[PDB]
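As structure tokens, the structure follows; a few thoughts come after it.
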Amino acid sequence: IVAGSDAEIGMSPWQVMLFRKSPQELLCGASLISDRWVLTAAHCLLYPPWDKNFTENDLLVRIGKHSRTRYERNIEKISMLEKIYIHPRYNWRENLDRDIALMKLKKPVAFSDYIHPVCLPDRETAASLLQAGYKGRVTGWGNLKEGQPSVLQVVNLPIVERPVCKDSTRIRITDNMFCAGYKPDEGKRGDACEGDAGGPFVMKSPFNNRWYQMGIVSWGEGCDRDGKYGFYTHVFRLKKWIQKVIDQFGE
Amino acid sequence: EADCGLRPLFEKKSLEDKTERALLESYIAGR
Ligand code: NA
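Line order of the protein sequences matches chains B and U. For reference, each letter of the first sequence is one residue, going 364 to 509, 518 to 622 in the UniProt record's numbering. The opening position of the second sequence corresponds to residue 333 in the UniProt record's numbering, with each subsequent residue numbered one higher.
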């Protein structure tokens, strides 16, 4: 996260760190969506050009974390993975369309003041909140600039109009994507960066006062660059698949 | 899940985090 700040305690209880097991290394962010499902970006697990094909056996998640370099006894929970599910039409070769993945935890995780799921949007939440100038919040560890924090970082960013999103980049963008960030003329700065993918773009519904995850940190060109925007996987546009793996798989 | 999107340390204690009002404020600016 570029130009963000230290998260306060319990600010992002849905926050999940995704680790490679051996050698151990923090790969990506993720979010907890029930006691047993963790959401993340597909490119965090599967990226053929780099021969990356991480599976349930290769991966670990940590939940309830605040500090990347301090073991949070009686707070943080380490979880093993039952299975991993990557969206079938995840477009790794081109634009990372449908950059979404689901991971089932071996055993259900116990909720605390520090561990709590985020909500998934319905059509009414998407229709109302996915609008130009509306702010969402993005969280994660990893690069403070193009340099990796020990406290979880948080930044608020406005959704950008699709025409500006489209004209800003030569990448082909789909409806399964939206973009967020300040324009040059706005004074403010801020963007996700290397290490932040998989993390949640959340919004606080003014209707029921719950936080919803509307996006997943996906991609960008540089970090925090004038005239460029971060691009996020569009969660509601992929609910059909999300609901389907959750419904069909184990419970 | 039943109880999603509600933070035990914030919404539940009726407390606002340092920066969440900026979101609210931005949601009413779109008319
Ligand atoms: Na930018």
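Every residue, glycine too, gets a C-beta built ideally from N, C-alpha and C.
Coarse secondary structure for residue i, derived from DSSP in three states
| i | result |
| --- | --- |
| U/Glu348 | coil |
| B/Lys537 | helix |
| B/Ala405 | helix |
| B/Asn416 | strand |
| U/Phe342 | coil |
| B/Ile613 | helix |
| B/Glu435 | coil |
| B/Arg383 | strand |
| B/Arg543 | coil |
| B/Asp421 | helix |
Near the ligand NA: residue i beta-carbon under 8 Å from a heavy atom
| i | result |
| --- | --- |
| B/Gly552 | yes |
| B/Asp562 | yes |
| B/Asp595 | yes |
| B/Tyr497 | no |
| B/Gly598 | yes |
Neighbour list for residue i in chain B, Cβ cutoff strictly below 7 Å
| i | result |
| --- | --- |
| U/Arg339 | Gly373, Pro376 and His479 |
| U/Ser358 | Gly496, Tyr497, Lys498 and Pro529 |
Any chain U beta carbon closer than 9 Å to residue i
| i | result |
| --- | --- |
| B/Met585 | no |
| B/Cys536 | no |
| B/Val588 | no |
| B/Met380 | no |
| B/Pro571 | no |
| B/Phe474 | yes |
Contacts of residue i in chain U (Cβ-Cβ under 9 Å)
| i | result |
| --- | --- |
| B/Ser397 | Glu333 and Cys336 |
| B/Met574 | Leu355 and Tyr359 |
Chain U contact residues for residue i, given Cβ-Cβ distances below 7 Å
| i | result |
| --- | --- |
| residue 515 of chain B | A gap in chain B, from 509 straight to 518, means residue 515 of chain B has no coordinates in the model shown. |
Supposed contact pair residue j and residue i - C-beta distance, whole angstroms, cut 8 Å
| i | j | result |
| --- | --- | --- |
| B/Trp400 | B/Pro571 | About 13 Å; that fails the 8 Å criterion. |
| B/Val531 | B/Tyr600 | 5 Å |
Listed by chain order, chain U residues near residue i by CB distance under 8 Å
| i | result |
| --- | --- |
| B/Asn437 | Per Cβ cutoff of 8 Å: no residues; B/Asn437 is ~15 Å from chain U at best. |
| B/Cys482 | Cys336 and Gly337 |
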